[PDB]
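The structure file run_39.pdb is reproduced below (PDB, C-alpha atoms).
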ATOM      1  CA  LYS A   1     -59.176  18.080 -24.041  1.00  0.00           C
ATOM      2  CA  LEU A   2     -56.557  15.609 -22.665  1.00  0.00           C
ATOM      3  CA  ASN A   3     -56.810  13.235 -25.679  1.00  0.00           C
ATOM      4  CA  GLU A   4     -56.185  16.097 -28.165  1.00  0.00           C
ATOM      5  CA  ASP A   5     -53.196  17.432 -26.146  1.00  0.00           C
ATOM      6  CA  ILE A   6     -51.538  13.988 -25.730  1.00  0.00           C
ATOM      7  CA  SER A   7     -52.150  13.180 -29.440  1.00  0.00           C
ATOM      8  CA  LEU A   8     -50.370  16.497 -30.403  1.00  0.00           C
ATOM      9  CA  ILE A   9     -47.383  15.679 -28.167  1.00  0.00           C
ATOM     10  CA  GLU A  10     -47.236  12.076 -29.467  1.00  0.00           C
ATOM     11  CA  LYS A  11     -47.273  13.326 -33.093  1.00  0.00           C
ATOM     12  CA  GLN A  12     -44.211  15.544 -32.262  1.00  0.00           C
ATOM     13  CA  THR A  13     -42.306  12.318 -31.334  1.00  0.00           C
ATOM     14  CA  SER A  14     -41.475   9.392 -33.636  1.00  0.00           C
ATOM     15  CA  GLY A  15     -42.926   7.063 -30.940  1.00  0.00           C
ATOM     16  CA  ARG A  16     -45.866   6.010 -28.783  1.00  0.00           C
ATOM     17  CA  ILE A  17     -47.283   7.494 -25.544  1.00  0.00           C
ATOM     18  CA  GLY A  18     -49.469   5.605 -23.058  1.00  0.00           C
ATOM     19  CA  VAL A  19     -51.316   7.229 -20.149  1.00  0.00           C
ATOM     20  CA  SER A  20     -53.787   5.915 -17.579  1.00  0.00           C
ATOM     21  CA  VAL A  21     -55.488   7.796 -14.723  1.00  0.00           C
ATOM     22  CA  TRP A  22     -57.889   6.462 -12.043  1.00  0.00           C
ATOM     23  CA  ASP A  23     -59.117   9.125  -9.620  1.00  0.00           C
ATOM     24  CA  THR A  24     -60.676   7.147  -6.721  1.00  0.00           C
ATOM     25  CA  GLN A  25     -62.228  10.308  -5.188  1.00  0.00           C
ATOM     26  CA  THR A  26     -64.402  11.046  -8.284  1.00  0.00           C
ATOM     27  CA  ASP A  27     -64.140   7.406  -9.580  1.00  0.00           C
ATOM     28  CA  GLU A  28     -63.249   8.786 -13.002  1.00  0.00           C
ATOM     29  CA  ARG A  29     -61.015   6.772 -15.291  1.00  0.00           C
ATOM     30  CA  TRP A  30     -59.251   8.039 -18.366  1.00  0.00           C
ATOM     31  CA  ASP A  31     -56.628   6.543 -20.650  1.00  0.00           C
ATOM     32  CA  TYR A  32     -54.637   7.125 -23.874  1.00  0.00           C
ATOM     33  CA  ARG A  33     -53.455   3.767 -25.396  1.00  0.00           C
ATOM     34  CA  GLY A  34     -54.244   2.362 -21.886  1.00  0.00           C
ATOM     35  CA  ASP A  35     -54.462  -1.245 -23.121  1.00  0.00           C
ATOM     36  CA  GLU A  36     -51.353  -1.105 -25.366  1.00  0.00           C
ATOM     37  CA  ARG A  37     -48.031  -2.691 -24.308  1.00  0.00           C
ATOM     38  CA  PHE A  38     -45.044  -0.583 -23.173  1.00  0.00           C
ATOM     39  CA  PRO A  39     -41.706  -1.633 -21.582  1.00  0.00           C
ATOM     40  CA  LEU A  40     -41.784  -1.992 -17.770  1.00  0.00           C
ATOM     41  CA  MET A  41     -38.148  -0.782 -17.352  1.00  0.00           C
ATOM     42  CA  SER A  42     -37.497  -0.053 -13.595  1.00  0.00           C
ATOM     43  CA  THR A  43     -41.280   0.278 -12.983  1.00  0.00           C
ATOM     44  CA  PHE A  44     -41.121  -3.528 -12.455  1.00  0.00           C
ATOM     45  CA  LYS A  45     -39.186  -3.046  -9.176  1.00  0.00           C
ATOM     46  CA  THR A  46     -42.419  -2.276  -7.267  1.00  0.00           C
ATOM     47  CA  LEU A  47     -43.848  -5.583  -8.519  1.00  0.00           C
ATOM     48  CA  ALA A  48     -40.767  -7.670  -7.559  1.00  0.00           C
ATOM     49  CA  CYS A  49     -40.832  -6.049  -4.094  1.00  0.00           C
ATOM     50  CA  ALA A  50     -44.597  -6.616  -3.777  1.00  0.00           C
ATOM     51  CA  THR A  51     -43.947 -10.329  -4.590  1.00  0.00           C
ATOM     52  CA  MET A  52     -41.184 -10.487  -1.928  1.00  0.00           C
ATOM     53  CA  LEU A  53     -43.519  -8.840   0.676  1.00  0.00           C
ATOM     54  CA  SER A  54     -46.363 -11.261  -0.265  1.00  0.00           C
ATOM     55  CA  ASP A  55     -43.847 -14.141   0.305  1.00  0.00           C
ATOM     56  CA  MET A  56     -42.907 -12.692   3.736  1.00  0.00           C
ATOM     57  CA  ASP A  57     -46.642 -12.332   4.557  1.00  0.00           C
ATOM     58  CA  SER A  58     -47.278 -16.070   3.985  1.00  0.00           C
ATOM     59  CA  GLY A  59     -43.988 -17.239   5.579  1.00  0.00           C
ATOM     60  CA  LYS A  60     -42.504 -18.460   2.260  1.00  0.00           C
ATOM     61  CA  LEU A  61     -39.562 -16.122   2.851  1.00  0.00           C
ATOM     62  CA  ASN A  62     -38.165 -15.199   6.278  1.00  0.00           C
ATOM     63  CA  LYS A  63     -38.447 -11.449   7.113  1.00  0.00           C
ATOM     64  CA  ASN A  64     -34.702 -11.470   7.992  1.00  0.00           C
ATOM     65  CA  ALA A  65     -33.669 -13.558   4.912  1.00  0.00           C
ATOM     66  CA  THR A  66     -30.258 -12.632   3.457  1.00  0.00           C
ATOM     67  CA  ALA A  67     -28.349 -13.231   0.210  1.00  0.00           C
ATOM     68  CA  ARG A  68     -24.781 -12.628  -0.886  1.00  0.00           C
ATOM     69  CA  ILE A  69     -23.774  -9.934  -3.385  1.00  0.00           C
ATOM     70  CA  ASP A  70     -21.108 -11.414  -5.705  1.00  0.00           C
ATOM     71  CA  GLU A  71     -18.729  -8.963  -7.492  1.00  0.00           C
ATOM     72  CA  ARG A  72     -19.345 -10.740 -10.861  1.00  0.00           C
ATOM     73  CA  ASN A  73     -23.107  -9.946 -10.404  1.00  0.00           C
ATOM     74  CA  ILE A  74     -22.694  -6.157  -9.825  1.00  0.00           C
ATOM     75  CA  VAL A  75     -24.523  -4.615 -12.789  1.00  0.00           C
ATOM     76  CA  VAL A  76     -24.911  -1.033 -14.153  1.00  0.00           C
ATOM     77  CA  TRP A  77     -26.403   1.510 -11.697  1.00  0.00           C
ATOM     78  CA  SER A  78     -26.043  -0.261  -8.312  1.00  0.00           C
ATOM     79  CA  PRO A  79     -25.203   2.763  -6.085  1.00  0.00           C
ATOM     80  CA  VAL A  80     -26.080   0.936  -2.846  1.00  0.00           C
ATOM     81  CA  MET A  81     -25.060  -2.706  -3.564  1.00  0.00           C
ATOM     82  CA  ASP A  82     -21.772  -1.942  -5.361  1.00  0.00           C
ATOM     83  CA  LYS A  83     -20.197  -1.390  -1.860  1.00  0.00           C
ATOM     84  CA  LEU A  84     -21.320  -4.876  -0.725  1.00  0.00           C
ATOM     85  CA  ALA A  85     -19.305  -7.361  -2.923  1.00  0.00           C
ATOM     86  CA  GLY A  86     -18.585 -10.612  -1.034  1.00  0.00           C
ATOM     87  CA  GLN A  87     -21.038  -9.606   1.741  1.00  0.00           C
ATOM     88  CA  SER A  88     -24.554 -10.713   2.723  1.00  0.00           C
ATOM     89  CA  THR A  89     -27.446  -8.222   2.811  1.00  0.00           C
ATOM     90  CA  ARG A  90     -31.041  -8.541   4.027  1.00  0.00           C
ATOM     91  CA  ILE A  91     -33.472  -9.120   1.102  1.00  0.00           C
ATOM     92  CA  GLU A  92     -35.631  -6.384   2.764  1.00  0.00           C
ATOM     93  CA  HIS A  93     -32.664  -3.974   2.440  1.00  0.00           C
ATOM     94  CA  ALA A  94     -32.207  -5.046  -1.244  1.00  0.00           C
ATOM     95  CA  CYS A  95     -35.871  -4.053  -1.883  1.00  0.00           C
ATOM     96  CA  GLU A  96     -35.282  -0.755  -0.073  1.00  0.00           C
ATOM     97  CA  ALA A  97     -32.273  -0.054  -2.414  1.00  0.00           C
ATOM     98  CA  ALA A  98     -34.292  -1.104  -5.490  1.00  0.00           C
ATOM     99  CA  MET A  99     -37.204   1.187  -4.588  1.00  0.00           C
ATOM    100  CA  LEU A 100     -35.353   4.245  -3.263  1.00  0.00           C
ATOM    101  CA  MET A 101     -32.356   4.215  -5.607  1.00  0.00           C
ATOM    102  CA  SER A 102     -33.474   1.919  -8.503  1.00  0.00           C
ATOM    103  CA  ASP A 103     -30.386  -0.249  -7.632  1.00  0.00           C
ATOM    104  CA  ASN A 104     -30.179  -2.976 -10.294  1.00  0.00           C
ATOM    105  CA  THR A 105     -27.967  -5.474  -8.374  1.00  0.00           C
ATOM    106  CA  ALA A 106     -30.457  -5.128  -5.484  1.00  0.00           C
ATOM    107  CA  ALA A 107     -33.461  -5.797  -7.802  1.00  0.00           C
ATOM    108  CA  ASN A 108     -31.659  -8.863  -9.275  1.00  0.00           C
ATOM    109  CA  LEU A 109     -30.886 -10.194  -5.768  1.00  0.00           C
ATOM    110  CA  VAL A 110     -34.610  -9.949  -4.876  1.00  0.00           C
ATOM    111  CA  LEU A 111     -35.602 -11.706  -8.144  1.00  0.00           C
ATOM    112  CA  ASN A 112     -33.057 -14.477  -7.548  1.00  0.00           C
ATOM    113  CA  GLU A 113     -34.392 -15.092  -3.979  1.00  0.00           C
ATOM    114  CA  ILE A 114     -38.113 -15.228  -4.877  1.00  0.00           C
ATOM    115  CA  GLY A 115     -38.111 -17.407  -8.021  1.00  0.00           C
ATOM    116  CA  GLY A 116     -37.297 -14.802 -10.639  1.00  0.00           C
ATOM    117  CA  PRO A 117     -39.334 -13.125 -13.370  1.00  0.00           C
ATOM    118  CA  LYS A 118     -41.617 -16.208 -13.666  1.00  0.00           C
ATOM    119  CA  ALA A 119     -42.506 -15.950  -9.915  1.00  0.00           C
ATOM    120  CA  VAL A 120     -43.219 -12.189 -10.161  1.00  0.00           C
ATOM    121  CA  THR A 121     -45.443 -12.797 -13.210  1.00  0.00           C
ATOM    122  CA  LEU A 122     -47.270 -15.619 -11.333  1.00  0.00           C
ATOM    123  CA  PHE A 123     -47.843 -13.259  -8.373  1.00  0.00           C
ATOM    124  CA  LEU A 124     -49.254 -10.614 -10.769  1.00  0.00           C
ATOM    125  CA  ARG A 125     -51.627 -13.169 -12.395  1.00  0.00           C
ATOM    126  CA  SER A 126     -52.711 -14.292  -8.888  1.00  0.00           C
ATOM    127  CA  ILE A 127     -53.812 -10.717  -7.995  1.00  0.00           C
ATOM    128  CA  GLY A 128     -55.733 -10.133 -11.246  1.00  0.00           C
ATOM    129  CA  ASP A 129     -53.126  -8.496 -13.519  1.00  0.00           C
ATOM    130  CA  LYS A 130     -53.656 -10.417 -16.794  1.00  0.00           C
ATOM    131  CA  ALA A 131     -51.251  -8.368 -18.928  1.00  0.00           C
ATOM    132  CA  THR A 132     -47.983  -7.535 -17.146  1.00  0.00           C
ATOM    133  CA  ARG A 133     -45.109  -9.864 -17.827  1.00  0.00           C
ATOM    134  CA  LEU A 134     -41.608  -9.838 -16.376  1.00  0.00           C
ATOM    135  CA  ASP A 135     -39.258 -12.074 -18.391  1.00  0.00           C
ATOM    136  CA  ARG A 136     -35.664 -10.971 -17.846  1.00  0.00           C
ATOM    137  CA  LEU A 137     -33.180  -9.639 -15.227  1.00  0.00           C
ATOM    138  CA  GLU A 138     -31.453  -6.266 -15.162  1.00  0.00           C
ATOM    139  CA  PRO A 139     -30.125  -4.823 -17.436  1.00  0.00           C
ATOM    140  CA  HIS A 140     -31.522  -6.984 -20.333  1.00  0.00           C
ATOM    141  CA  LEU A 141     -35.150  -6.093 -19.568  1.00  0.00           C
ATOM    142  CA  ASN A 142     -34.385  -2.469 -20.705  1.00  0.00           C
ATOM    143  CA  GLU A 143     -33.989  -3.562 -24.395  1.00  0.00           C
ATOM    144  CA  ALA A 144     -37.541  -2.185 -25.116  1.00  0.00           C
ATOM    145  CA  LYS A 145     -37.432  -3.491 -28.703  1.00  0.00           C
ATOM    146  CA  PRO A 146     -40.684  -2.532 -30.572  1.00  0.00           C
ATOM    147  CA  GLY A 147     -42.903  -5.603 -31.090  1.00  0.00           C
ATOM    148  CA  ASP A 148     -41.142  -7.593 -28.313  1.00  0.00           C
ATOM    149  CA  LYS A 149     -43.711  -8.516 -25.602  1.00  0.00           C
ATOM    150  CA  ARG A 150     -41.025  -9.437 -23.020  1.00  0.00           C
ATOM    151  CA  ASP A 151     -40.877  -7.230 -19.908  1.00  0.00           C
ATOM    152  CA  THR A 152     -43.980  -5.222 -20.803  1.00  0.00           C
ATOM    153  CA  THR A 153     -47.112  -3.882 -19.131  1.00  0.00           C
ATOM    154  CA  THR A 154     -49.962  -1.577 -20.147  1.00  0.00           C
ATOM    155  CA  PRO A 155     -50.727   1.843 -18.582  1.00  0.00           C
ATOM    156  CA  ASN A 156     -54.146   0.508 -17.381  1.00  0.00           C
ATOM    157  CA  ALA A 157     -52.580  -2.670 -15.912  1.00  0.00           C
ATOM    158  CA  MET A 158     -50.020  -0.718 -13.832  1.00  0.00           C
ATOM    159  CA  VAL A 159     -52.784   1.608 -12.516  1.00  0.00           C
ATOM    160  CA  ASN A 160     -55.041  -1.425 -11.729  1.00  0.00           C
ATOM    161  CA  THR A 161     -52.187  -3.392 -10.088  1.00  0.00           C
ATOM    162  CA  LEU A 162     -50.998  -0.456  -7.946  1.00  0.00           C
ATOM    163  CA  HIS A 163     -54.641   0.103  -6.837  1.00  0.00           C
ATOM    164  CA  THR A 164     -54.908  -3.651  -5.991  1.00  0.00           C
ATOM    165  CA  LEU A 165     -51.634  -3.548  -4.006  1.00  0.00           C
ATOM    166  CA  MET A 166     -52.673  -0.470  -2.018  1.00  0.00           C
ATOM    167  CA  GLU A 167     -56.411  -0.900  -1.548  1.00  0.00           C
ATOM    168  CA  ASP A 168     -57.216  -4.574  -1.847  1.00  0.00           C
ATOM    169  CA  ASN A 169     -55.883  -7.495   0.189  1.00  0.00           C
ATOM    170  CA  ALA A 170     -52.990  -8.631  -1.986  1.00  0.00           C
ATOM    171  CA  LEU A 171     -50.591  -7.593   0.813  1.00  0.00           C
ATOM    172  CA  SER A 172     -50.893  -7.455   4.614  1.00  0.00           C
ATOM    173  CA  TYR A 173     -51.312  -3.978   6.204  1.00  0.00           C
ATOM    174  CA  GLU A 174     -47.629  -3.961   7.233  1.00  0.00           C
ATOM    175  CA  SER A 175     -46.528  -4.990   3.739  1.00  0.00           C
ATOM    176  CA  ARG A 176     -48.640  -2.471   1.774  1.00  0.00           C
ATOM    177  CA  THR A 177     -47.476   0.215   4.235  1.00  0.00           C
ATOM    178  CA  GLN A 178     -43.806  -0.703   3.709  1.00  0.00           C
ATOM    179  CA  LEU A 179     -44.333  -0.710  -0.101  1.00  0.00           C
ATOM    180  CA  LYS A 180     -46.040   2.730   0.027  1.00  0.00           C
ATOM    181  CA  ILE A 181     -43.215   4.191   2.195  1.00  0.00           C
ATOM    182  CA  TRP A 182     -40.585   2.844  -0.234  1.00  0.00           C
ATOM    183  CA  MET A 183     -42.475   4.501  -3.134  1.00  0.00           C
ATOM    184  CA  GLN A 184     -42.834   7.805  -1.214  1.00  0.00           C
ATOM    185  CA  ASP A 185     -39.102   7.699  -0.413  1.00  0.00           C
ATOM    186  CA  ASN A 186     -38.097   7.211  -4.088  1.00  0.00           C
ATOM    187  CA  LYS A 187     -35.029   9.442  -4.639  1.00  0.00           C
ATOM    188  CA  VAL A 188     -34.554   9.088  -8.422  1.00  0.00           C
ATOM    189  CA  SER A 189     -37.747  10.590  -9.933  1.00  0.00           C
ATOM    190  CA  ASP A 190     -37.517  14.274  -8.967  1.00  0.00           C
ATOM    191  CA  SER A 191     -37.477  15.360 -12.672  1.00  0.00           C
ATOM    192  CA  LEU A 192     -40.805  13.598 -13.418  1.00  0.00           C
ATOM    193  CA  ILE A 193     -44.301  13.975 -11.818  1.00  0.00           C
ATOM    194  CA  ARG A 194     -42.633  15.389  -8.650  1.00  0.00           C
ATOM    195  CA  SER A 195     -41.218  18.367 -10.658  1.00  0.00           C
ATOM    196  CA  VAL A 196     -44.758  19.704 -11.416  1.00  0.00           C
ATOM    197  CA  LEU A 197     -46.781  18.187  -8.507  1.00  0.00           C
ATOM    198  CA  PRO A 198     -48.857  20.986  -6.874  1.00  0.00           C
ATOM    199  CA  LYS A 199     -48.407  21.810  -3.202  1.00  0.00           C
ATOM    200  CA  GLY A 200     -50.837  19.744  -1.093  1.00  0.00           C
ATOM    201  CA  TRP A 201     -50.260  16.426  -2.793  1.00  0.00           C
ATOM    202  CA  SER A 202     -48.302  13.475  -1.454  1.00  0.00           C
ATOM    203  CA  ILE A 203     -46.826  11.042  -4.032  1.00  0.00           C
ATOM    204  CA  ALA A 204     -45.629   7.412  -4.036  1.00  0.00           C
ATOM    205  CA  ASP A 205     -43.955   6.546  -7.347  1.00  0.00           C
ATOM    206  CA  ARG A 206     -41.494   4.404  -9.306  1.00  0.00           C
ATOM    207  CA  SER A 207     -39.960   5.273 -12.624  1.00  0.00           C
ATOM    208  CA  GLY A 208     -37.907   3.636 -15.367  1.00  0.00           C
ATOM    209  CA  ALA A 209     -35.804   4.428 -18.437  1.00  0.00           C
ATOM    210  CA  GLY A 210     -34.918   2.163 -21.337  1.00  0.00           C
ATOM    211  CA  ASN A 211     -33.573   1.798 -24.858  1.00  0.00           C
ATOM    212  CA  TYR A 212     -35.490   2.982 -27.968  1.00  0.00           C
ATOM    213  CA  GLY A 213     -35.903   6.361 -26.134  1.00  0.00           C
ATOM    214  CA  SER A 214     -38.158   4.914 -23.430  1.00  0.00           C
ATOM    215  CA  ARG A 215     -39.336   6.326 -20.119  1.00  0.00           C
ATOM    216  CA  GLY A 216     -42.106   5.496 -17.720  1.00  0.00           C
ATOM    217  CA  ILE A 217     -43.631   6.112 -14.324  1.00  0.00           C
ATOM    218  CA  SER A 218     -46.288   4.475 -12.118  1.00  0.00           C
ATOM    219  CA  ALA A 219     -47.571   6.676  -9.277  1.00  0.00           C
ATOM    220  CA  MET A 220     -50.274   7.412  -6.783  1.00  0.00           C
ATOM    221  CA  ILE A 221     -51.025  10.946  -5.547  1.00  0.00           C
ATOM    222  CA  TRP A 222     -53.327  12.032  -2.721  1.00  0.00           C
ATOM    223  CA  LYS A 223     -54.146  14.617  -0.071  1.00  0.00           C
ATOM    224  CA  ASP A 224     -55.483  14.199   3.469  1.00  0.00           C
ATOM    225  CA  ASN A 225     -58.950  15.212   2.059  1.00  0.00           C
ATOM    226  CA  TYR A 226     -58.580  13.667  -1.445  1.00  0.00           C
ATOM    227  CA  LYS A 227     -58.669   9.916  -2.199  1.00  0.00           C
ATOM    228  CA  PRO A 228     -55.717   8.511  -4.208  1.00  0.00           C
ATOM    229  CA  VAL A 229     -55.303   9.150  -7.926  1.00  0.00           C
ATOM    230  CA  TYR A 230     -53.379   6.318  -9.718  1.00  0.00           C
ATOM    231  CA  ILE A 231     -51.311   7.365 -12.771  1.00  0.00           C
ATOM    232  CA  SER A 232     -49.282   5.605 -15.466  1.00  0.00           C
ATOM    233  CA  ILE A 233     -47.257   7.553 -18.046  1.00  0.00           C
ATOM    234  CA  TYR A 234     -45.125   5.621 -20.551  1.00  0.00           C
ATOM    235  CA  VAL A 235     -43.235   6.673 -23.675  1.00  0.00           C
ATOM    236  CA  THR A 236     -41.372   4.397 -26.061  1.00  0.00           C
ATOM    237  CA  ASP A 237     -39.786   4.158 -29.532  1.00  0.00           C
ATOM    238  CA  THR A 238     -38.542   7.788 -29.635  1.00  0.00           C
ATOM    239  CA  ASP A 239     -35.116   9.344 -30.385  1.00  0.00           C
ATOM    240  CA  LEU A 240     -35.315  11.540 -27.255  1.00  0.00           C
ATOM    241  CA  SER A 241     -32.378  12.110 -24.871  1.00  0.00           C
ATOM    242  CA  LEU A 242     -33.010  11.196 -21.164  1.00  0.00           C
ATOM    243  CA  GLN A 243     -33.420  14.931 -20.252  1.00  0.00           C
ATOM    244  CA  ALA A 244     -35.992  15.299 -23.144  1.00  0.00           C
ATOM    245  CA  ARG A 245     -37.911  12.188 -21.947  1.00  0.00           C
ATOM    246  CA  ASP A 246     -38.021  13.639 -18.409  1.00  0.00           C
ATOM    247  CA  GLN A 247     -39.467  16.917 -19.824  1.00  0.00           C
ATOM    248  CA  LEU A 248     -42.064  14.932 -21.825  1.00  0.00           C
ATOM    249  CA  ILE A 249     -43.260  13.049 -18.711  1.00  0.00           C
ATOM    250  CA  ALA A 250     -43.313  16.335 -16.695  1.00  0.00           C
ATOM    251  CA  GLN A 251     -45.324  18.098 -19.468  1.00  0.00           C
ATOM    252  CA  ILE A 252     -47.814  15.176 -19.691  1.00  0.00           C
ATOM    253  CA  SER A 253     -48.103  15.265 -15.850  1.00  0.00           C
ATOM    254  CA  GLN A 254     -48.894  19.054 -16.044  1.00  0.00           C
ATOM    255  CA  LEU A 255     -51.838  18.277 -18.428  1.00  0.00           C
ATOM    256  CA  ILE A 256     -53.274  15.585 -16.071  1.00  0.00           C
ATOM    257  CA  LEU A 257     -52.910  17.744 -12.926  1.00  0.00           C
ATOM    258  CA  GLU A 258     -54.546  20.860 -14.465  1.00  0.00           C
ATOM    259  CA  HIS A 259     -58.274  19.911 -13.811  1.00  0.00           C
ATOM    260  CA  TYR A 260     -57.529  19.784 -10.002  1.00  0.00           C
TER
END
In structure tokens, write the structure found in this file.
Amino acid sequence: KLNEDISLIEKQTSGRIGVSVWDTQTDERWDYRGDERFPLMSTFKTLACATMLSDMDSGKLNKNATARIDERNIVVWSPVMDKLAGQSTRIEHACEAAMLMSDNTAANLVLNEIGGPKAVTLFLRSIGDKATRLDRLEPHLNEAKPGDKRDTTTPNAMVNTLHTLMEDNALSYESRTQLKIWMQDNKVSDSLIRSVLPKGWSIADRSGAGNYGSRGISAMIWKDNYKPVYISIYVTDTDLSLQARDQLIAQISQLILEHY
């Protein structure tokens, strides 16, 4: 009764909820507004780092490539890169900061090295994601204005793309392994799926928050004896506080995890 439960929760908000689940053990798929657009917010960081790794794989970017952090470019929430003004950092280390800490200056540095939002969107189209579009840098991409297609994805597209990145040949073994470790090591999403994840499950995730009371998460969960389950949960156009959005994602996660 997942559809009924999510519909009840959605009706309690003034906004829209989007969920997508692909269980690769049972091969069952399920979605709620799975093909509707929602803001990417920081969930794009996985996709910028996948593009950077794909560039390293083909030799288009050196594995030890560096870029300078300029003080004028330090943006909101840069807990790792705000110590590095006037210094050079490895682009690999900037992706680590973007993935583990959601560092915005780090994510912008990666974008600026690889050809920006247009290059990330081209990489996504090249791997079969027809819907996701990255248009702006941090923090402008968090606008999440209803009706604005910039910096959006769909719950189904994020599930499909994460599955492609982990199980198809979009990235080399070393690159998809590094991307999975960065997602497992994520330090900023403890209040979301992780807060209600049963014992026995590993998780690799990436979350985001935005304006218009928005929140989202893209994740994969698995066990040694259970093939990965890809999940997208997005909420937008609400008047919810950040703590309330976290509770909403946790409560939706509880509903999905119940049948296990």
**Request:** Using the chain letters and numbers from the file, give me the residues hit by the PyMOL selection byres ((chain A and resi 107-121) around 10), as a ChimeraX atom specification.
**Result:** /A:42,44-52,55,60-61,65-70,73-75,78,81,89-99,102-106,122-126,129-139,151
Closest pair table for segment 208-235 of chain A residues within 12 Å of segment 2-16 of chain A, all atoms listed in the file, as CSV:
residue,atom,partner,partner_atom,distance
A:212,CA,A:15,CA,9.0
A:213,CA,A:15,CA,8.5
A:214,CA,A:15,CA,9.2
A:215,CA,A:16,CA,10.9
A:216,CA,A:16,CA,11.7
A:233,CA,A:6,CA,10.9
A:234,CA,A:16,CA,8.3
A:235,CA,A:16,CA,5.8
**Selection: 12 Å around residue 196 of chain A, only C-alpha atoms, excl. self and same-chain fewer than 4 positions, as an MDAnalysis selection string** = chainID A and resid 189:192 200:201 203 246:258
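The set of residues that the PyMOL selection byres ((chain A and resi 153) around 6) takes from this file is residues 37, 38, 40, 132, 152 and 154 of chain A.
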Print the selection's residues with C-alpha atoms to a file, as a PDB file, keeping the file's coordinate frame.
ATOM      1  CA  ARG A  37     -48.031  -2.691 -24.308  1.00  0.00           C
ATOM      2  CA  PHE A  38     -45.044  -0.583 -23.173  1.00  0.00           C
ATOM      3  CA  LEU A  40     -41.784  -1.992 -17.770  1.00  0.00           C
ATOM      4  CA  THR A 132     -47.983  -7.535 -17.146  1.00  0.00           C
ATOM      5  CA  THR A 152     -43.980  -5.222 -20.803  1.00  0.00           C
ATOM      6  CA  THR A 154     -49.962  -1.577 -20.147  1.00  0.00           C
TER       7      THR A 154
END
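You can rank A:71, A:57, A:23, A:31 by their closest distance to residue 174 of chain A using all atoms listed in the file, and at the top of that list sits A:57.
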**Request:** Would you kindly translate the PyMOL selection byres ((chain A and resi 187) around 10) into the concrete residues it picks from this file, as a PyMOL selection string?
**Result:** chain A and resi 99-102+182-186+188-190+205-206
Could you save those same residues with C-alpha atoms as a PDB file, in the frame of the given file?
ATOM      1  CA  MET A  99     -37.204   1.187  -4.588  1.00  0.00           C
ATOM      2  CA  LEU A 100     -35.353   4.245  -3.263  1.00  0.00           C
ATOM      3  CA  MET A 101     -32.356   4.215  -5.607  1.00  0.00           C
ATOM      4  CA  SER A 102     -33.474   1.919  -8.503  1.00  0.00           C
ATOM      5  CA  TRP A 182     -40.585   2.844  -0.234  1.00  0.00           C
ATOM      6  CA  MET A 183     -42.475   4.501  -3.134  1.00  0.00           C
ATOM      7  CA  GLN A 184     -42.834   7.805  -1.214  1.00  0.00           C
ATOM      8  CA  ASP A 185     -39.102   7.699  -0.413  1.00  0.00           C
ATOM      9  CA  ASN A 186     -38.097   7.211  -4.088  1.00  0.00           C
ATOM     10  CA  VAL A 188     -34.554   9.088  -8.422  1.00  0.00           C
ATOM     11  CA  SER A 189     -37.747  10.590  -9.933  1.00  0.00           C
ATOM     12  CA  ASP A 190     -37.517  14.274  -8.967  1.00  0.00           C
ATOM     13  CA  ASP A 205     -43.955   6.546  -7.347  1.00  0.00           C
ATOM     14  CA  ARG A 206     -41.494   4.404  -9.306  1.00  0.00           C
TER      15      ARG A 206
END
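The spacing separating atom CA of residue 41 of chain A from atom CA of residue 144 of chain A amounts to 7.9 Å.
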**Asked** Interatomic distance between atom CA of residue 24 of chain A and atom CA of residue 195 of chain A?
**Response** 22.8 Å
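Atom CA of residue 230 of chain A is positioned 13.6 Å from atom CA of residue 197 of chain A.
Distances to residue 232 of chain A were evaluated for A:79, A:210, A:34, A:155 using only C-alpha atoms, and the minimum falls at A:155.
Of the listed residues A:194, A:63, A:29, A:259, the one whose atoms come nearest to residue 156 of chain A is A:29, with distances taken using all atoms listed in the file.
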**Request:** Considering all atoms listed in the file, state which residue in the set A:260, A:173, A:226, A:30 is at the smallest distance from residue 198 of chain A.
**Result:** A:260
**Complete:** From the list A:241, A:172, A:165, A:193, the nearest residue to residue 58 of chain A using all atoms listed in the file is A:172
**Asked** Counting all atoms listed in the file, which of A:244, A:159, A:229, A:166 gets nearest to residue 20 of chain A?
**Response** A:159
